[PDB]
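Under the authors' numbering, the first residue of the sequence shown is numbered 0, with each subsequent residue one higher.
Ideal placement from N, C-alpha and C gives every residue a C-beta, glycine not left out.
Have a look at the structure below before the remarks.
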Amino acid sequence: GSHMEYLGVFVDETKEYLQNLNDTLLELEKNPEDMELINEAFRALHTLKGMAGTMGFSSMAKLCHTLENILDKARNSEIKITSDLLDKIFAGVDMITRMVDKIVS
């Protein structure tokens, strides 16, 4: 086992969660009040945050935390999922994608 090997595992796992977050958010847009879908997105972001933390990837962890906070507000009905919000969430998903792809670049 080497660090580069485990970086490969990290990127593979993170890509699964980023794909989930794409699937979930496409359905959320069809019913932005669906709390289960909000929860799905929250859970994926929270998992990504925790993975980044165990690797010491500070910027990725803090980005995942900022994004998880949006979904956490939404799951407690503090804020509504709007088009604009969705743009913000998708932008963060896309930035994490770019970060993850950079590891293996």
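| Query | Result |
| --- | --- |
| Would you report the Cα separation of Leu47 and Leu36, rounded to the nearest angstrom? | 17 Å |
| What does the alpha-carbon distance come out to for the pair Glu28 and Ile102? | 30 Å |
| Among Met94, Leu70, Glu77, which has the Cα closest to the Cα of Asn38? | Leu70 |
| Excluding the five sequence neighbours on either side, which residues of its own chain have a C-beta within less than 8 Å of the C-beta of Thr81, listed in chain order? | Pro31 |
| Helix, strand or coil for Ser57? Go by DSSP, reduced to three states. | helix |
| Is it true that the CB of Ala51 sits closer than 8 Å to the CB of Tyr16? | no |
| Between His2 and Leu62, what straight-line distance do the alpha-carbon atoms span, to the nearest angstrom? | 23 Å |
| Is DSSP giving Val103 helix, strand or coil here? | coil |
| So, with DSSP's three-state summary, where would you put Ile78? | coil |
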